[PDB]
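To start, the structure under review is shown below, and the notes come after it.
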Amino acid sequence: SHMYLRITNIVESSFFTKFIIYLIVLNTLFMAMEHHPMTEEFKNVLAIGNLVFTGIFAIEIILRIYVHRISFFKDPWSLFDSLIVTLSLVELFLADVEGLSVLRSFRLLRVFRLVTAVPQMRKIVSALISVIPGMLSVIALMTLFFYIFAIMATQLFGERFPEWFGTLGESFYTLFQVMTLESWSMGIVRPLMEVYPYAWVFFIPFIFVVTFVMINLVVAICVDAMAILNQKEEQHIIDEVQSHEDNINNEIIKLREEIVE
Amino acid sequence: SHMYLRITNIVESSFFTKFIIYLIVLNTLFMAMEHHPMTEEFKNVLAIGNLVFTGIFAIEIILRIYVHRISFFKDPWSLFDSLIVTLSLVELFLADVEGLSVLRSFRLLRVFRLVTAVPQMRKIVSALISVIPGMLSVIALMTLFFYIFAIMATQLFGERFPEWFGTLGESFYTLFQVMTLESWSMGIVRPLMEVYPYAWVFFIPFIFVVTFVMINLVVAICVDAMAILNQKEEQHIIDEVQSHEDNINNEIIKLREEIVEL
């Protein structure tokens, strides 16, 4: 009845969203302080207060899901929000067994709401993400190069040196260490060159290849930031050229009308 | 009368600005040539010299302020200079006590005038800082990312390892170490993989977040420079269009005068 109208104008009110933003900031400030060597009982009270906070989010998403049943599951930010609140609810009733603390690892996810609640942050995050579909090709190529050099390295240097290059699921990790140019000389290559004295032939071309890709992956973004200004400049030129086209045509019509007399 | 006139002559004189410049240079050299332990008495001599220098700037900060009354406080540079000289004279009153090592720092803070006094350096620094308004939103987003990952990182790795991640006031520092790529493998992550086997999942996407935003920040500055150059290139072409019209509209008027003959 009129209660539906009350929902319809208080749910979509600005004050409600503002109060939820203040409450999320208070959640993060409350959960913020925890020095680990503590041994004090308010830790338990922390979990107590955590319970209270969780309930509020639950009612909020119910009071968000009642308005839209169809349109709510487009606009994919609210889907991500519902997934976070859902996993926070799922941790609440069920504890872990032993040594499988994954469940507890879900209840730290609730920090990320600070991205998906403030609207200005959502706008600037969309403005950041808006470049990557015109850049996905180079990412696929660099992943392909990691796969190729990983399968070469894990069978060249695999009898000896088992912890770095032994399997494949850690040879990816060692090649990602060598990509960012951290300790590839005093900690990776020069101990290999005491056993396999031609190892540099594998790692010195690699430092070339990926780093070429990296600077090209910068320059593409620079081009994508300099397509817009050139289009606006083209439009500002076209406007004045059209105005000069508009200027002479009236006196062309004057030359037309000064024929009959 | 004569007095205010001659003060106005000496203040805006080009010799006096250069005199202040060479004074700050010589004070900076006089504090610069301190080889530290000295094994001698002459440090007292040096302290005597410091007294002299303070008094000179004291006279200078009286002298300017005799001229203007409102034209100074609508200038952030002379505010900054007056603040620095005031803090040094506050140190001149009180004592550098050994139980409180704060007050040496205000004495050392005198060096930053060597930027603000040279007008060319003021011009170049003001040319630098003209970019960062309008670049502030990305910096606010980066601060938000640090706060999120620090909260998320304290309560996972903080149970053991109490000196890299023991509280927020050092976990922030360790995440700033992992940001600028220095020793994140052989000093941070790989001695965490002896205990927690799945630690890489927290630190490898972090490198994919912050680094991305960083180069995006660089691209912002590049955009800005080209924009100013385009504000030249868009103008001049349009000006030639004006020179394209003013001739032809002359002879168009020639069609307006022949009709009386027709």
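Ordered as shown in the structure tokens, chains take letters A, B, and onward, while each chain numbers its residues from 1 and ligands are numbered from 1 in the order shown.
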
Chain A contacts to chain B at 7 Å (only C-alpha atoms) as a list in words: residues 32, 35, 36, 108, 111, 112, 177, 182, 222, 225 and 233 of chain A

Contact residues around range 79-81 of chain B with only C-alpha atoms at 9 Å, ignoring same-chain residues under 3 positions, as a PyMOL selection string: chain B and resi 61+72-76+84-86+112-113+116-117

Produce a file of the selected residues containing C-alpha atoms, as an mmCIF file, in the first residue's frame.
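Final output, saved to selection.cif:
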```cif
data_model
loop_
_atom_site.group_PDB
_atom_site.id
_atom_site.type_symbol
_atom_site.label_atom_id
_atom_site.label_comp_id
_atom_site.auth_asym_id
_atom_site.auth_seq_id
_atom_site.Cartn_x
_atom_site.Cartn_y
_atom_site.Cartn_z
ATOM 1 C CA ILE B 61 62.728 39.441 7.762
ATOM 2 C CA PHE B 72 52.951 39.423 1.631
ATOM 3 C CA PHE B 73 50.286 37.179 3.113
ATOM 4 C CA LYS B 74 48.758 36.752 -0.342
ATOM 5 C CA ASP B 75 51.950 34.885 -1.294
ATOM 6 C CA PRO B 76 52.660 31.334 -0.067
ATOM 7 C CA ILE B 84 61.290 28.634 8.435
ATOM 8 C CA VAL B 85 63.136 31.654 9.860
ATOM 9 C CA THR B 86 60.681 31.771 12.782
ATOM 10 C CA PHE B 112 64.916 24.468 1.882
ATOM 11 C CA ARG B 113 65.173 28.256 1.456
ATOM 12 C CA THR B 116 62.499 29.243 -2.641
ATOM 13 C CA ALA B 117 64.864 32.215 -2.811
#
```

Residue contacts of range 9-25 of chain B (8 Å, only C-alpha atoms) excluding same-chain residues fewer than 4 positions away, as a VMD selection string: chain B and resid 5 29 64 113 to 114 117 to 118

Length of the CA of residue 174 in chain A to CA of residue 135 in chain A vector [Å]: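 We find that CA of residue 174 in chain A and CA of residue 135 in chain A lie 25.5 Å from each other.
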
Nearest to residue 209 in chain B, chosen from A:212, A:148, A:128, A:217, with only C-alpha atoms counted in the distances: A:128

Neighbour list for range 137-143 of chain A as an MDAnalysis selection string, cut-off 9 Å, only C-alpha atoms, skip fewer than 3 positions in-chain: chainID A and resid 133:134 146:148 210 213:214 216:217

Could you write out that same residue set with C-alpha atoms as a PDB file, in the first residue's frame?
```pdb
ATOM      1  CA  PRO A 133      39.936  -5.076 -24.292  1.00  0.00           C
ATOM      2  CA  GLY A 134      42.013  -3.103 -26.784  1.00  0.00           C
ATOM      3  CA  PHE A 146      55.655 -18.021 -20.496  1.00  0.00           C
ATOM      4  CA  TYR A 147      54.224 -21.425 -21.406  1.00  0.00           C
ATOM      5  CA  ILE A 148      56.901 -22.062 -24.044  1.00  0.00           C
ATOM      6  CA  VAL A 210      59.599 -10.206 -22.470  1.00  0.00           C
ATOM      7  CA  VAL A 213      56.772  -6.895 -25.004  1.00  0.00           C
ATOM      8  CA  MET A 214      56.580  -4.838 -21.820  1.00  0.00           C
ATOM      9  CA  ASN A 216      55.219  -2.184 -26.279  1.00  0.00           C
ATOM     10  CA  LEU A 217      52.469  -2.843 -23.753  1.00  0.00           C
TER      11      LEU A 217
END
```

DSSP on the backbone, helix (DSSP H, G or I) only: what residues of range 91-139 of chain A does that give? Format it as a PDB file with N, CA and C atoms, in the first residue's frame.
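To be explicit, this is the file written out as states29.pdb:
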```pdb
ATOM      1  N   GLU A  91      30.273 -18.344   6.115  1.00  0.00           N
ATOM      2  CA  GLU A  91      31.255 -18.613   7.164  1.00  0.00           C
ATOM      3  C   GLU A  91      30.633 -18.657   8.561  1.00  0.00           C
ATOM      4  N   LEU A  92      29.482 -18.013   8.760  1.00  0.00           N
ATOM      5  CA  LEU A  92      28.996 -17.738  10.109  1.00  0.00           C
ATOM      6  C   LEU A  92      28.513 -18.998  10.818  1.00  0.00           C
ATOM      7  N   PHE A  93      27.733 -19.833  10.135  1.00  0.00           N
ATOM      8  CA  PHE A  93      27.167 -20.994  10.808  1.00  0.00           C
ATOM      9  C   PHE A  93      28.137 -22.166  10.870  1.00  0.00           C
ATOM     10  N   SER A 101      41.739 -23.794   6.932  1.00  0.00           N
ATOM     11  CA  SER A 101      41.279 -22.471   7.385  1.00  0.00           C
ATOM     12  C   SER A 101      40.742 -21.552   6.259  1.00  0.00           C
ATOM     13  N   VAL A 102      40.606 -22.092   5.045  1.00  0.00           N
ATOM     14  CA  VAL A 102      39.960 -21.505   3.872  1.00  0.00           C
ATOM     15  C   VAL A 102      38.682 -20.757   4.231  1.00  0.00           C
ATOM     16  N   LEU A 103      37.850 -21.388   5.071  1.00  0.00           N
ATOM     17  CA  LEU A 103      36.593 -20.804   5.532  1.00  0.00           C
ATOM     18  C   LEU A 103      36.825 -19.464   6.218  1.00  0.00           C
ATOM     19  N   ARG A 104      37.785 -19.422   7.149  1.00  0.00           N
ATOM     20  CA  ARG A 104      38.161 -18.168   7.794  1.00  0.00           C
ATOM     21  C   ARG A 104      38.715 -17.170   6.789  1.00  0.00           C
ATOM     22  N   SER A 105      39.420 -17.667   5.770  1.00  0.00           N
ATOM     23  CA  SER A 105      39.927 -16.842   4.682  1.00  0.00           C
ATOM     24  C   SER A 105      38.831 -16.186   3.859  1.00  0.00           C
ATOM     25  N   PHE A 106      37.575 -16.602   4.007  1.00  0.00           N
ATOM     26  CA  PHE A 106      36.533 -15.866   3.315  1.00  0.00           C
ATOM     27  C   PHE A 106      36.124 -14.609   4.065  1.00  0.00           C
ATOM     28  N   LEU A 109      37.218 -11.062   3.114  1.00  0.00           N
ATOM     29  CA  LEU A 109      36.885 -10.544   1.800  1.00  0.00           C
ATOM     30  C   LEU A 109      36.061  -9.267   1.886  1.00  0.00           C
ATOM     31  N   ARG A 110      35.353  -9.072   3.000  1.00  0.00           N
ATOM     32  CA  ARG A 110      34.406  -7.985   3.221  1.00  0.00           C
ATOM     33  C   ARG A 110      35.037  -6.599   3.223  1.00  0.00           C
ATOM     34  N   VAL A 111      36.362  -6.506   3.127  1.00  0.00           N
ATOM     35  CA  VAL A 111      37.022  -5.218   2.988  1.00  0.00           C
ATOM     36  C   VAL A 111      36.754  -4.635   1.612  1.00  0.00           C
ATOM     37  N   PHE A 112      36.724  -5.493   0.577  1.00  0.00           N
ATOM     38  CA  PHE A 112      36.631  -5.048  -0.817  1.00  0.00           C
ATOM     39  C   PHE A 112      35.360  -4.276  -1.138  1.00  0.00           C
ATOM     40  N   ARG A 113      34.375  -4.300  -0.236  1.00  0.00           N
ATOM     41  CA  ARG A 113      33.173  -3.491  -0.352  1.00  0.00           C
ATOM     42  C   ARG A 113      33.488  -2.003  -0.463  1.00  0.00           C
ATOM     43  N   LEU A 114      34.606  -1.549   0.130  1.00  0.00           N
ATOM     44  CA  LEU A 114      35.036  -0.158  -0.020  1.00  0.00           C
ATOM     45  C   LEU A 114      35.291   0.249  -1.462  1.00  0.00           C
ATOM     46  N   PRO A 119      30.423   5.652  -5.261  1.00  0.00           N
ATOM     47  CA  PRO A 119      30.166   5.760  -6.705  1.00  0.00           C
ATOM     48  C   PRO A 119      31.307   6.376  -7.498  1.00  0.00           C
ATOM     49  N   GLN A 120      32.030   7.340  -6.918  1.00  0.00           N
ATOM     50  CA  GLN A 120      33.171   7.939  -7.607  1.00  0.00           C
ATOM     51  C   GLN A 120      34.263   6.911  -7.863  1.00  0.00           C
ATOM     52  N   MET A 121      34.487   6.021  -6.891  1.00  0.00           N
ATOM     53  CA  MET A 121      35.466   4.960  -7.066  1.00  0.00           C
ATOM     54  C   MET A 121      35.035   4.004  -8.163  1.00  0.00           C
ATOM     55  N   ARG A 122      33.730   3.747  -8.274  1.00  0.00           N
ATOM     56  CA  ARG A 122      33.231   2.869  -9.326  1.00  0.00           C
ATOM     57  C   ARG A 122      33.422   3.494 -10.701  1.00  0.00           C
ATOM     58  N   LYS A 123      33.211   4.811 -10.800  1.00  0.00           N
ATOM     59  CA  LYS A 123      33.420   5.512 -12.064  1.00  0.00           C
ATOM     60  C   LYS A 123      34.888   5.489 -12.481  1.00  0.00           C
ATOM     61  N   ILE A 124      35.798   5.768 -11.543  1.00  0.00           N
ATOM     62  CA  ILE A 124      37.208   5.808 -11.932  1.00  0.00           C
ATOM     63  C   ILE A 124      37.760   4.397 -12.159  1.00  0.00           C
ATOM     64  N   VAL A 125      37.208   3.382 -11.489  1.00  0.00           N
ATOM     65  CA  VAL A 125      37.636   2.010 -11.743  1.00  0.00           C
ATOM     66  C   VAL A 125      37.163   1.544 -13.115  1.00  0.00           C
ATOM     67  N   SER A 126      35.953   1.943 -13.518  1.00  0.00           N
ATOM     68  CA  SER A 126      35.505   1.656 -14.879  1.00  0.00           C
ATOM     69  C   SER A 126      36.353   2.390 -15.913  1.00  0.00           C
ATOM     70  N   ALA A 127      36.768   3.619 -15.598  1.00  0.00           N
ATOM     71  CA  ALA A 127      37.654   4.353 -16.496  1.00  0.00           C
ATOM     72  C   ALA A 127      39.037   3.717 -16.592  1.00  0.00           C
ATOM     73  N   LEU A 128      39.502   3.049 -15.536  1.00  0.00           N
ATOM     74  CA  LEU A 128      40.765   2.326 -15.654  1.00  0.00           C
ATOM     75  C   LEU A 128      40.591   1.078 -16.502  1.00  0.00           C
ATOM     76  N   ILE A 129      39.552   0.288 -16.215  1.00  0.00           N
ATOM     77  CA  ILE A 129      39.367  -1.002 -16.873  1.00  0.00           C
ATOM     78  C   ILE A 129      39.025  -0.842 -18.352  1.00  0.00           C
ATOM     79  N   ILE A 132      41.756  -2.289 -21.317  1.00  0.00           N
ATOM     80  CA  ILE A 132      42.217  -3.672 -21.485  1.00  0.00           C
ATOM     81  C   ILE A 132      41.593  -4.481 -22.637  1.00  0.00           C
ATOM     82  N   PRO A 133      40.345  -4.274 -23.125  1.00  0.00           N
ATOM     83  CA  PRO A 133      39.936  -5.076 -24.292  1.00  0.00           C
ATOM     84  C   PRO A 133      40.612  -4.665 -25.586  1.00  0.00           C
ATOM     85  N   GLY A 134      41.201  -3.476 -25.646  1.00  0.00           N
ATOM     86  CA  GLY A 134      42.013  -3.103 -26.784  1.00  0.00           C
ATOM     87  C   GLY A 134      43.478  -3.406 -26.545  1.00  0.00           C
ATOM     88  N   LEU A 136      44.188  -6.853 -24.922  1.00  0.00           N
ATOM     89  CA  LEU A 136      44.196  -8.268 -24.548  1.00  0.00           C
ATOM     90  C   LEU A 136      45.125  -9.139 -25.401  1.00  0.00           C
ATOM     91  N   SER A 137      45.422  -8.724 -26.637  1.00  0.00           N
ATOM     92  CA  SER A 137      46.230  -9.536 -27.545  1.00  0.00           C
ATOM     93  C   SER A 137      47.658  -9.708 -27.043  1.00  0.00           C
ATOM     94  N   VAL A 138      48.257  -8.622 -26.558  1.00  0.00           N
ATOM     95  CA  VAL A 138      49.625  -8.663 -26.060  1.00  0.00           C
ATOM     96  C   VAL A 138      49.705  -9.513 -24.795  1.00  0.00           C
ATOM     97  N   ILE A 139      48.655  -9.474 -23.971  1.00  0.00           N
ATOM     98  CA  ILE A 139      48.608 -10.290 -22.761  1.00  0.00           C
ATOM     99  C   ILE A 139      48.565 -11.772 -23.111  1.00  0.00           C
TER     100      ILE A 139
END
```

So that I can check the surroundings of residue 180 in chain B, please list as a tab-separated table (two decimals) with N, CA, C and O atoms, in the first residue's frame every protein, DNA and RNA residue that reaches within 10 Å of it, counting only C-alpha atoms and ignoring chain neighbours fewer than 4 positions away.
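The new file out-v4.tsv reads:
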```tsv
chain	number	residue	atom	x	y	z
B	175	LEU	N	54.41	-3.79	2.65
B	175	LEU	CA	53.74	-3.71	1.35
B	175	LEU	C	54.32	-2.61	0.48
B	175	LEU	O	54.33	-2.75	-0.75
B	176	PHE	N	54.86	-1.54	1.07
B	176	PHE	CA	55.54	-0.57	0.22
B	176	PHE	C	56.88	-1.10	-0.26
B	176	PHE	O	57.37	-0.67	-1.31
B	184	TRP	N	61.48	-8.79	-3.25
B	184	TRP	CA	60.22	-9.39	-2.87
B	184	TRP	C	60.26	-10.90	-2.97
B	184	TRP	O	59.43	-11.56	-2.35
B	207	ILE	N	51.12	-7.43	-7.42
B	207	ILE	CA	52.01	-6.90	-8.45
B	207	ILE	C	51.23	-6.57	-9.71
B	207	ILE	O	51.54	-5.59	-10.39
B	210	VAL	N	49.03	-2.81	-8.66
B	210	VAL	CA	49.65	-1.52	-8.38
B	210	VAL	C	50.49	-1.04	-9.56
B	210	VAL	O	50.33	0.09	-10.03
B	211	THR	N	51.34	-1.94	-10.08
B	211	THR	CA	52.16	-1.66	-11.26
B	211	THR	C	51.33	-1.16	-12.43
B	211	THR	O	51.69	-0.16	-13.06
```

Selected residue of minimal separation from residue 103 in chain B among B:251, B:91, B:239, B:257, counting only C-alpha atoms: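 For residue 103 in chain B, the nearest of the candidates is B:91.
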